[PDB]
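Single-structure report; data block below.
Quick note: the coordinates plus some simple rules give every number you see, no bench work behind them. With ideal geometry, Cβ positions are generated from the backbone for all residues, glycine too; neighbour counts draw on all protein chains shown.
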Amino acid sequence: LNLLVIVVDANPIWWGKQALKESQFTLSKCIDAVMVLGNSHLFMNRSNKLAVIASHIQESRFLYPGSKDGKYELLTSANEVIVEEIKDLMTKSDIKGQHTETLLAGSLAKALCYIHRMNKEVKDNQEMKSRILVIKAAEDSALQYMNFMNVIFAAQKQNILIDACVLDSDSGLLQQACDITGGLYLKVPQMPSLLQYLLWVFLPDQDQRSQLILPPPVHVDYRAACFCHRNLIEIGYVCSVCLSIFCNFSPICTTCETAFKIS
Amino acid sequence: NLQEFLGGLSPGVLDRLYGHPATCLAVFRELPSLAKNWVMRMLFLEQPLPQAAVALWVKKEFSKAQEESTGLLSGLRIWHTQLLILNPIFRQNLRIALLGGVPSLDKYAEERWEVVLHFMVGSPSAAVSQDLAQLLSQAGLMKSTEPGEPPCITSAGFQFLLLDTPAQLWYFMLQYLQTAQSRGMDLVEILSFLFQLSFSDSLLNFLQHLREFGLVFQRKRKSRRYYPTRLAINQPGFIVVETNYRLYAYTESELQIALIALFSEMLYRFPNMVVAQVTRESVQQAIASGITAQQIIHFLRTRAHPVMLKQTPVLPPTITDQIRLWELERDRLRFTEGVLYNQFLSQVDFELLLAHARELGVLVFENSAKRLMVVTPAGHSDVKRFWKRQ
Amino acid sequence: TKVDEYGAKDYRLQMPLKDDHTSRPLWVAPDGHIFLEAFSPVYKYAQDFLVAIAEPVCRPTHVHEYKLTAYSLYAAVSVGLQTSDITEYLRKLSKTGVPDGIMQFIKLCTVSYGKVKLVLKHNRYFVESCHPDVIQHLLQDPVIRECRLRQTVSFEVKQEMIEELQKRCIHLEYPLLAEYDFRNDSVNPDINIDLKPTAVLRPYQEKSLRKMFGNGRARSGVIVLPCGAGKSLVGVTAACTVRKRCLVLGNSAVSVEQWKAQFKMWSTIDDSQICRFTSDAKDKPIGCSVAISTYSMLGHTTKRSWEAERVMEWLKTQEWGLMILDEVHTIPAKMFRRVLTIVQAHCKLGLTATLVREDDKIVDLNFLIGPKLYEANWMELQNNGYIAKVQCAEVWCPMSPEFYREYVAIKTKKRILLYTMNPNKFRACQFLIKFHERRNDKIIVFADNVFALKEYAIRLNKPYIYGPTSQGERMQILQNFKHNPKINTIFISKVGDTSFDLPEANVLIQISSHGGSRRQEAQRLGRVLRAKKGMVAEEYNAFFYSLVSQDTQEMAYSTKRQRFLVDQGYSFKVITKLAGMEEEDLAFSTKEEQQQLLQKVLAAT
Amino acid sequence: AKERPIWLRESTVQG
Ligand SMILES: Nc1ncnc2c1ncn2[C@@H]1O[C@H](COP(=O)(O)OP(=O)(O)O)[C@@H](O)[C@H]1O
Ligand code: BEF
Ligand SMILES: [Mg+2]
Ligand SMILES: [Zn+2]
């Protein structure tokens, strides 16, 4: 089976800006595309399970752990919980001018442990192939690089894919994550047609992803910069303690305070 | 299989079957691995796409999967080339499904199914029902020839007994569905219910038959609501096989003892064990009755005691091999009707007749050295006419 | 006795089911048949008890079967068991309970032991018992009074009528306890026989002797062990315990020689004490503490030669504390049983591996020698590595069409030669020897028909042994086969089916047999059943092949003679065809060769 | 290491 996880970046500031811009694309449609995308995954097979996770400047909350419309009864329950939960999160929220950038590493951290928690629960007979369908919708935060970098390695160790589907901005850090763990990357420019990308590129599972033609991987610039400047450096200097990329030769690196001896 | 049954259907019935959304989901689920993704692709599309695009969406590796899935769904007629848009009813109906628009039960199913099997064999204590009796007889696995006397078991009926309960039930359902149209019961209604069950007058009669088989159980004096059993949606062994043709069946049910007695001699009876010996006389009788050896090995194989599971092969090879030899022993002489031609004075023309017989597909055996061949009597006239024509 | 619809003995109105039946692995039907489970945690304890009370009928690797008989129970009381102990433990082991009929049956056959005893002293046989009443009851019996010589009460009985006395004693439910008190018998001088420390008896060997010597006195009975298990060591040990003059009765000149070698290897008795009594020669049987001979020599009925007569006179006028009888199953023969009365022995120990016969005389061993003291399980020893693992097989050789033409028509007992001399069978034998010889295997080939034995021996140019071959010549072949690498295959007849010790003989082949002789088949397979040097328990160290002719009377006999081995768990894999035969330059590859062979077979008549 | 022959190692029956 597969355990899909949609880490939606429901940033009120960015999505609210779209509302102010009165653009055709809106968060409500995005959740519907996620909703339809989520419904399709379970619709593939009974054994499949999914989960939905949002993101906010304050905190991230899980959007997911008769047939009045005629659809499958199980999918009806998923729609109700997701529709109500997202509205509660969006409508209710505090204000903090200092912190306005969306957080994604924290939301992913909640995702990675969920598979492990679910991986323990699943019986030994059935093997699970979990995946995380991160849908980024805003620029990354500078201060979250280290935190985001740790979660990615955990996914690689536990073999969970991060199929980033960023939109409106190419996240240099996020595109780094999908490459390390083998996840897919896609920068959809047609936001109104976002869902059709999901059903094609992201919907198929890993066991079937190989036997399918998908957009080629985008070049990932593994830039390194000196801690002085934050400017790209090709030849970097580090010490055996800080493990810190540095500008040039120094008698002692500040972050270390070590009594480095010349030679 | 379920998908096999759907393929052998007309387009008219198929579209009718594509009614309420649950049916489309049921038919969708059996799309093996690839065609499922294709279905989601061309679900929101109202414009047909070229067939070439579909072919090039699967890498050269595992290409065979691309064709087989396409062939399967073409048989299902989900889309049409239209020159590959899905069926408008299927697309709409599927969209409705896709966000649009207990312990007692298993025992009851096992017991109710068992009594039917009891009736299958000459068990005096079995459920009696005129509709059920004619159903099995018309199912091709039983024959009465005298309504007053209880019916016997046909050659295929004995084989049906040894089949595993899942396959045993599915085959009966497959036969029932085919006979439903003949008796006047619409196939779509019963077939659609089965898909809906996995999650009218015709249904009421159909539901009663399902209740008889134990798949469904109302529990409330035949109320509108029903509680399907485990078997309706779609076990440790007890037999110890010895190298000396001895079976110790840890059976309390009389049906299992009856099954094992088909191809073995029962020696002693104990509550949790029955001693049976697989003598060639019993096996030859079982093969003569209609049984096939592979079933006998499979039937013993599936009902294997846990102690034998660790051993590999679980069934000792000699017992398995000996059973096969007993079966092959009976069929040493392969009788085959045919017409022999001799005195082939025209040696040159004999080859020409040989070629003509081969072309028609009537020739069975030939001997060039002796200039003779055997042809089935069905094609005897054709070759006789050819010889007369000269 | 109720019979179910499927011809099955319904025993559900007879016995109940015990609540804790899962732990209890035993079933007890009123018919006496006992079905024990080999996979139960308590199998080891149950098997030892069950084998003593009941002789095994079939012992597959998973579920064993035993049968209860008066003789089988009589063995249980002799070893030391009692009716209360047997029934109590039997009920404890039974997962369904002991039916009333069986419970009383066990009691019935336990109140007969110890009532009457047979004692031999000063070359005189007496009927000893501590209860005068049972003796008086015996005297009422006509034949018992007829064979009479013409507190404790004893009446002397003539030696010549011991057999009739013992047989009627069982018929009177008063078995004679022919138990020897060797430790309290100073009349017969103690021999210098001693067990060397280098000789250590295996657990089954020691356990068998434990039953024999459960008490201070030595018990007389039949001990059964698989071929190659080491019955020679057990017999030598029995003599060591008795420490009296020992007489060993082999089957042929080869048996005594192996008996002589085993004594020297497994005992400290000097070579001078060891002696042989055979037509080939004799090592001064007049002066010897241990005598080795054969049933033919002692059982010879016609007038003996002067050389043999002198030894026979000494043998009759002697007292033996232990008479080891190798190949016990031949004792019930009409004349071989007389050897028991001809020689005066206190304790008669019987060693054998195949306690089966095509007749009903096998039961006579209960009183002729005694109850079956022990019977080891072949599979148990096979897994333990005491006996080499054998992959029994039955090569199916299609009959030659020319031969079958005559075989079907001919019915004047000439079929045996016809299907024994099957060219197809010959080719399989020829191919198998070549393939196995290339694998450094020591092959043995058996053939009941000497004609077939000769036909194959010369054609393959391999040594062959049968009747006329002198003892020295046949002994030479075995020594060469045992040690000479060049002699990798030998041909043997009915002579060497028993007592032939070939530890390195990995492969065996059989091209002919004497009907459905289970004893012959099991004994024949015994030759390669000896433990191998580099043997591994689960590697199928040895192999056995029983070439058979398809669609022939041989098939029925092959099944008949395989009954005993399968009862011991051995599976006879069927080999319809042998791979690589076509690419091998085998004989009789042309119809002319086969045609010539058929005429020769017909000529033999 | 002197493995068993094909006929002994595996079943030779056609079925
Ligand atoms: N305890 C033992 N230790 C070593 N070798 C043994 C032992 N018991 C038996 N053997 C060997 O096993 C074989 C037994 O041969 P034999 O006594 O003729 O057997 P049987 O009388 O059972 O047919 C011989 O090779 C013998 O040396
Ligand atoms: F059992 Be043996 F070969 F004396
Ligand atoms: Mg011996
Ligand atoms: Zn540093």
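The table that follows gives values for the structure above.
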item: Count of the range C:516-532 residues which are within 13 Å of ligand 3 (Cβ to nearest atom) and either in a strand (DSSP E or B) or touching a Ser or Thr at 6+ places or on another chain (Cβ under 7 Å) (or both); result: 1
item: Failed item in (1) within 14 Å of chain A (Cβ to nearest Cβ); (2) surrounded by 15 or more Cβ atoms within 10 Å (Cβ to Cβ); (3) aromatic (F, W, Y), with B:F119 passing the rest; result: (1)
item: Members of the range A:39-62 that are within 17 Å of the chain's Cα centre (by Cα) and buried (at least 16 other Cβ atoms within 10 Å of the Cβ); result: A:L50, A:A51, A:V52, A:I53, A:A54, A:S55, A:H56, A:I57, A:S60, A:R61, A:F62
item: Residue tally, condition of a type in the set (V, I, T) and within 11 Å of ligand 3 (Cβ to nearest atom), over the range C:237-255; result: 2
item: Residue tally, condition away from ligand 4 (no atom under 11 Å from the Cβ) and within 21 Å of A:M146 (Cβ to Cβ), over the range A:227-244; result: 7
item: Criterion (more than 23 Å from the chain's Cα centre (by Cα) and among the aliphatic types (A, V, I, L, M)) met by exactly one of B:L163, B:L141, B:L98; result: B:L98
item: Lone unmet requirement of (1) under 29 Å from the mean Cα position of the chain (by Cα); (2) assigned to a loop (DSSP other than H, G, I, E, B) for C:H21; result: (1)
item: B:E329 being of a type in the set (D, E) and in a helix (DSSP H, G or I); result: yes
item: Residues (within 12 Å of C:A447 (Cβ to Cβ) and among the polar types (S, T, N, Q)) located in the range C:475-521; result: C:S493, C:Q510, C:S512, C:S513, C:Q520
item: Any hit, the range C:208-217, residues being closer than 27 Å to C:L355 by Cα, within 13 Å of ligand 1 (Cβ to nearest atom) and under 21 Å from the mean Cα position of the chain (by Cα); result: yes
item: Pairs where the first residue, in the range C:564-577, is farther than 10 Å from C:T61 by Cα and at the interface with chain B (Cβ under 7 Å from one of its Cβ atoms) and the second is acidic (D, E) and crowded, with 20+ Cβ neighbours inside 10 Å, C-beta under 8 Å, 6+ apart; result: C:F572/C:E394; C:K573/B:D321; C:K573/C:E394; C:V574/B:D321; C:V574/C:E394
item: Spans of helices (runs of 4 or more DSSP H) in the range B:228-316 with at least 2 residues more than 11 Å from every other protein chain (Cβ to nearest Cβ) and under 24 Å from the mean Cα position of the chain (by Cα); result: B:230-233, B:254-261, B:280-289, B:293-302
item: For C:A46: the one exception among (1) more than 8 Å from every other protein chain (Cβ to nearest Cβ); (2) under 32 Å from the mean Cα position of the chain (by Cα); (3) assigned to a loop (DSSP other than H, G, I, E, B); result: (3)
item: Unmet requirement for A:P65, which otherwise passes all of (1) away from chain B (no Cβ under 14 Å); (2) within 26 Å of B:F28 (Cα to Cα); (3) surrounded by 13 or more Cβ atoms within 10 Å (Cβ to Cβ); result: (3)
item: Residue among A:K123, A:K87 that alone is away from every other protein chain (no Cβ under 14 Å), more than 29 Å from A:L173 (Cβ to Cβ) and not in a helix (DSSP H, G or I); result: A:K123
item: Residue list for the range C:562-577, restricted to those being closer than 21 Å to B:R324 by Cβ and of a type in the set (S, T, N, Q); result: C:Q562, C:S571, C:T576
item: Failed item, numbered, when C:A556 is tested on (1) within 15 Å of C:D448 (Cβ to Cβ); (2) out of contact with any helix residue (DSSP H, G or I) (no Cβ under 9 Å at 6 or more places or on another chain); (3) within 14 Å of chain B (Cβ to nearest Cβ); result: (1)
item: Condition met for C:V28 (more than 11 Å from every other protein chain (Cβ to nearest Cβ) and crowded, with 17+ Cβ neighbours inside 10 Å); result: no
item: Any hit, the range A:204-215, residues being within 28 Å of the chain's Cα centre (by Cα), of a type in the set (D, E, K, R), away from ligand 4 (no atom under 15 Å from the Cβ) and crowded, with 16+ Cβ neighbours inside 10 Å; result: yes
item: In the range C:520-532, residue nearest to ligand 1 (Cβ to nearest atom) [restricted to those that are away from chain D (no Cβ under 14 Å) and charged (D, E, K, R)]; result: C:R530
item: Test result for A:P189, surrounded by fewer than 16 Cβ atoms within 10 Å (Cβ to Cβ), more than 16 Å from ligand 2 (Cβ to nearest atom) and not acidic (D, E); result: yes
item: Subset of the range C:218-271 [within 13 Å of ligand 1 (Cβ to nearest atom) and on the phi > 0 side of the Ramachandran plot]; result: C:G228, C:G230
item: Those residues of the range C:541-553 which are within 13 Å of chain B (Cβ to nearest Cβ) and either under 15 Å from C:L381 (Cα atoms) or in contact with a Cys (Cβ under 7 Å, 6 or more places away or on another chain) (or both), in sequence order; result: C:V548, C:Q550
item: Total residues in the range A:16-59, condition more than 10 Å from chain B (Cβ to nearest Cβ) and not in a helix (DSSP H, G or I); result: 18
item: Restricting the range C:82-111 to residues that are assigned to a loop (DSSP other than H, G, I, E, B) and touching a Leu at 6+ places or on another chain (Cβ under 9 Å), the residue that is farthest from the other protein chains (Cβ to nearest Cβ); result: C:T110
item: Filtered residues of the range C:131-150 (kept if basic (K, R) and either surrounded by 14 or more Cβ atoms within 10 Å (Cβ to Cβ) or not in a helix (DSSP H, G or I) (or both)); result: C:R148, C:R150
item: Entirely in the range C:305-405, the helices (runs of 4 or more DSSP H) that have 1 or more residues that are surrounded by fewer than 21 Cβ atoms within 10 Å (Cβ to Cβ); result: C:306-316, C:338-342, C:378-384
item: Top-ranked residue of the range B:214-227 - restricted to ones that are within 27 Å of the chain's Cα centre (by Cα) and in a loop (DSSP other than H, G, I, E, B), ranked as nearest to the other protein chains (Cβ to nearest Cβ); result: B:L215
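Quick grid of which residues meet (1) under 30 Å from B:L247 (Cα atoms); (2) in contact with a strand residue (DSSP E or B) (Cβ under 8 Å, 6 or more places away or on another chain); (3) surrounded by fewer than 17 Cβ atoms within 10 Å (Cβ to Cβ); (4) of a type in the set (G, A, S):
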{"position": "B:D321", "(1), (2), (3), (4)": "yes, yes, no, no"}
{"position": "B:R324", "(1), (2), (3), (4)": "yes, no, no, no"}
{"position": "B:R330", "(1), (2), (3), (4)": "yes, no, yes, no"}
{"position": "B:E337", "(1), (2), (3), (4)": "no, no, yes, no"}
{"position": "B:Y341", "(1), (2), (3), (4)": "no, yes, no, no"}
{"position": "B:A355", "(1), (2), (3), (4)": "no, no, yes, yes"}
